[PDB]
Structure formats: structure tokens, C-alpha cells
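In C-alpha cells, the next block holds one chain alone, the form deposited in one PDB entry.
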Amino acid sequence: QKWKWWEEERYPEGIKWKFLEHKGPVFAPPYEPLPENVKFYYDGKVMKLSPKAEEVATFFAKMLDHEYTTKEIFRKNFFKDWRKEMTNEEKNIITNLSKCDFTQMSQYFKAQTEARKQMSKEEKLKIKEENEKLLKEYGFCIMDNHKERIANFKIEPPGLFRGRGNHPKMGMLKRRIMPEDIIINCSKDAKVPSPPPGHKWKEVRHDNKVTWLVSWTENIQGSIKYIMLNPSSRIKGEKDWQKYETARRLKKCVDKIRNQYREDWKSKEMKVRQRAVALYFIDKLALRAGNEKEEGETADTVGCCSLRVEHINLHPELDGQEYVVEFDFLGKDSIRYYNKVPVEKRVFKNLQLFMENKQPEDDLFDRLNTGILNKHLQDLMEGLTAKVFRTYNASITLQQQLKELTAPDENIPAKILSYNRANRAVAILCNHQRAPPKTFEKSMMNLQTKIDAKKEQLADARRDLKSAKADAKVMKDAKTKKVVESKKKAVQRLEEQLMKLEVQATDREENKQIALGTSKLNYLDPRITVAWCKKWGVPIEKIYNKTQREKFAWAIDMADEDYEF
């Protein structure tokens, strides 16, 4: 069937749904304590760990293999959070983490993973079926006249916080989410889901100005987690489509804004000059609008509006470049951003002004935050904020590079390479880095030995063709010529294969320290891709896989070859 929601009339502003029914959240599987033969030791002598404490102790044991279990903060926060979940006949004995021996616990769990990957196609087939009966009853909710998929219906198990970067809270206990934390949400006329026996959910909500099915407040940050619908849904995809159409609207008056923020660098007020320089950073330098965040509750990271002075060092000349601003900081997810950038005359001079009589630990743009900057953007264009730039600059770069890369001649596998090269450019601009695949970049030697082997399979068809001509000369007939054809069409089938292997080795080695994912899904207007595919006859499945085709179902169907962002 497949419901073409994009053909429907836009859902009237404010209300998200008229009717919402769902089976609720699936809870994390109960804890199975340790057997008799898996003993825990403290101060060398055996210790009986109560169910509560035993669990918190496993979470650490299973991580013993990682290098972070040796960091101060990790161990400090851990031990503190373990103390709470301990009995007094245990809070009296265990004074420190350092005297606790998890070695045996840690060993059993590495054995479980082994004994698991050695199962029978009877057990493995049963689990893979019991896992399918859960996805049917719990993974589909009903939102207005339709059956749509839920994204992550399984509530996350309790464990230990790690987070990304050097985070202050690493090692803390993530408590087990009970029904009494869950806030259900659904329509008044919908069958309310039944809670686990002998429990009550925190609240049965009916707020129809939201898209969520369930919410709870996790304890590490005190942030609210949600169980929202699958990206393939209407509610998620109309939002997605809107986000693109909003960045597409930015396109028709982008140069207008670029005229203004240019001369704004020459205004009376520092506040307007700051706002404009920051806007330059977000525009031409694809920075995020860096909100302020609670220090000692998150990893010290930034974005443009939050950039401290210590994140830049002013250089007049370097490598033959004029007015270079050296960026050096940890962006989102503690991912470094280093950029030597030649800026215009006023901008370099404006930055010196913004850094005068200031200490390294102070802001660059004081008198600025995301709030001021975004209030301006709104006035500049109906519905514009500072993230829309990243959507424009990323999307439009794909469209441009696909134009400047794709040649009509190329066979399908080299066009895929051209597309990926386009994607790659966006990725480097949006700084979606990657740590090289776990020493496995010797898979290149194991791909080169396959290419060098094909150079033989072809080299032999070349010397086969050279001898076919040496027989076609002496005694020329329609039996020798039609063989010099079968040896020519043979050089070709191998030539097209070598291309397919070499082009695929380039694609792989260029995308070594880059990440296309976050842009593939989150930043590029899927229609830009779809058009490119319809044009050169590249079957979509070569670019977007099934969950992607499904998420992007709206683009595929509602976009021709002629489409232009």
C-alpha cells in the first residue's frame, strides 16, 4: 500500500495529532545474578555481594578492559555511586575501589560472549523469533488513521556513564528506569497502555502539542529522554521536509544577508560588529551557534557564540597568506577544529578589538550569545535561526559538486565514487571527522592484492589478443576475425571490472578519516540526491539503503530529475 503523506494537506499549526494509541515502552531485562563459581574478592578474602551491589559491580567488571576505568573522575564518581547501592554490612567493609578484585567477574563475562557466538541454529533461531514478536506488538503505534513505526521502543538498560570527551560525570550510575518514572502520552479516546503488574506510570498525559509517546528524566544530567516515532513517519518527515524548505528559502536572499553582515563590520557598536563577525563564522566557516553550557556538568566544548579567547591566536602572515586566524578548540562531541583562515581586512582588525584587555578564559564575543544572534536572524528572514546555515551550506555544496563532478561518460561505479566525493566535501566542511578504523587499514593491502590480481587476469587477455592478430594476418577468414572479436570483448569485460575495483579502492581510501553519515542523513536535502539519481539512471539503492529509502520515502517519490535546491 504505502501512505503518501506528502500528498496530504499540511497538519494545522500547533496540533500534532488528533488520535494516538500505543502499547507503551519495553523495559530493560531484569538482572540475573552471578553463579557459585564466579566469586568476588575484597582485600583478598571472599565477599558476598547483595543483588543491588552485585549489579553495580558487574557494570565496572565488564569495562575493566577499557583504559578509562583508570581515570580519577571515573573511579571517583563510580565508587561514590556504588556506595549508595550497598548494604551496611558492605558499606562498612568496602572503603575503597582499589582493594576490590573484579578479575573473576570480568573473566566470566568474556566467556559468555564466546559461548554465545557458539550457539545452535535452534536457540539462535528461537531468539531471533522472540525478538520479532516484540517488534510487532511494541514497535508500532497508531497515529491518526495510520500504523507508524516507533524508533527506540526499548528503554536503555542501567549501566555506567561514559559519555564523550573528558566528561565530569563519567563513571556515575545510570539507574534502572522503573514504570514510576515513565510519563505516558496518548489521546483521551485511546486505550491507555497497561503498566507492568503492581505498578503505576508516573503520569498518563494527553498533550497533543507534542510528538512523543513516552518520556522520562534520566539521572546523569537530569535531561528528559523520549520515545519518539521512526524517521519514516509522517510527523518526523514533514518536519525534515520543512527544515529543508527553510534552508531552501535562505537561498533566495542569502547574498542579501551577506551584503549586510559585511558592512555591519563597520558599524558604530561593538555589539553589532560582534554579531556580524560571529555570523561570518557560522556562514563561511560552518561553525555551530555555540550555546552556553553548565561548567562541571558537561565536557568543556564550544561553538561560535561561546568561543573563548584562548581558542584563537592572531597571525598577520603565514605560508604566504594575509590575515590568518588560527582556530583551535574542541567542538561538539569533543571533536577538534583546527583552521588557518585568510579573512577580509576589517574582520582581522575587529577580532583584535574583541580580544583587547581580555584574559584567555574570557569570551571572544561578550555582549553575545545564541539568543541575540537568533533574534536578528529571525528579523532578517521569517523563521531563520543559526543552524539553517549549516543546512544551506551543506546541501548547496552537494548540489554544486555533483554538477562539477559527474560526467555523462562514466560507468555506474565511478559515478557512485563522484557522489561520494561530493558527500566527502560537505563532510569536511561540516567537520564530521573520524578516527581511522581499528588498525584495519591494512585491508587496503588486502584490496590491492585483489586489484593486482585482476591486472594479471587482464594482462593475459592482452597477450591473448596479440596472438589472435598474429593468426588473423596469415590466412584471413571469417573464423579467425570473429575470434579477434571474442578476445576483444574479453579485454573489455575485465577492463570494466578493474575500473570497478580501482574506483572502489579510491573511494575507500579518501573516506579514511572522514564521516559521511551525519551529513547523508542529517544535512543534505534528499531530493538533491534523488534528482541526480533519476538523471544518470543510478538505481537509488546504490546510494540510500532501506532505512534511508524509507526515511527519505518522500523525496524519492515526489521529485523528478529536473529538481533544483
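Numbers for residues come from their place in the sequence shown, where the first is 1. Rigid core: the largest C-alpha set superposing within 1.5 Å between the two forms.
Exercise for the section: Determine, among the other compared PDB entries that model residues flanking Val343, whether at least a third leave it unmodelled. Expected result: In none of the comparable entries (those modelling both sides of it) is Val343 left without coordinates.
Practice task
Say whether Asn37, which has coordinates in the shown structure, is without coordinates in a third or more of the other compared entries.
Solution key: Negative; every one of those entries includes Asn37.
Practice task
Name the higher of the two by mean Cα B-factor in the PDB entry, 352 to 360 versus 284 to 292.
Solution key: Averaged over C-alpha atoms, the B-factors run higher in 352 to 360.
Practice task
Going by the average Cα B-factor in the PDB entry, point out whether 24 to 32 or 501 to 509 comes out higher.
Solution key: Taking the mean B-factor of the alpha carbons in each, 501 to 509 is higher.
Exercise for the section: Can you pull the Cα B-factors for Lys487, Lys209, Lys188, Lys99 from the entry and say which is highest? Expected result: Among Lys487, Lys209, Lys188, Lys99, the PDB entry lists the largest C-alpha B-factor for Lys487.
Handout entry: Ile155, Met228, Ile416, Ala478, ranked by C-alpha B-factor: the highest one
Key = The C-alpha B-factor peaks, among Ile155, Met228, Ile416, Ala478, at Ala478.
Exercise for the section: Using the B-factors in the PDB entry, rank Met170's C-alpha atom against the chain and give the third, lowest, middle or highest. Expected result: Bottom third by C-alpha B-factor.
Handout entry: B-factor third for the C-alpha atom of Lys18 within its chain
Key = It falls in the middle third of the chain.
Handout entry: Within-chain third of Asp557 by Cα B-factor, per the entry
Key = It falls in the middle third of the chain.
Exercise for the section: State the tercile, meaning the lowest, middle or highest third, of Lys469 with respect to the CA B-factors recorded for its chain. Expected result: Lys469: CA B-factor falls in the highest third of its chain.
Practice task
Check where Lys133 lands among this chain's C-alpha B-factors and tell me if it's the lowest, middle or highest third.
Solution key: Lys133: CA B-factor falls in the highest third of its chain.
What follows is about the form deposited in another entry, which we do not show.
Exercise for the section: Please look at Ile183, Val325, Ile416, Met228 and say which one has a C-alpha shift reaching 2 Å or more between this form and the one not shown, core superposed. Expected result: Correct option: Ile416.
Exercise for the section: Please check if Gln378 moves between this form and the one not shown, taking a CA shift of 2 Å or more relative to the superposed core as movement. Expected result: False for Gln378: its C-alpha shift is below 2 Å.
Problem - C-alpha of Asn96 moved at least 2 Å between this form and the one not shown on rigid core - result: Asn96: C-alpha displaced by 2 Å or more between this form and the one not shown.
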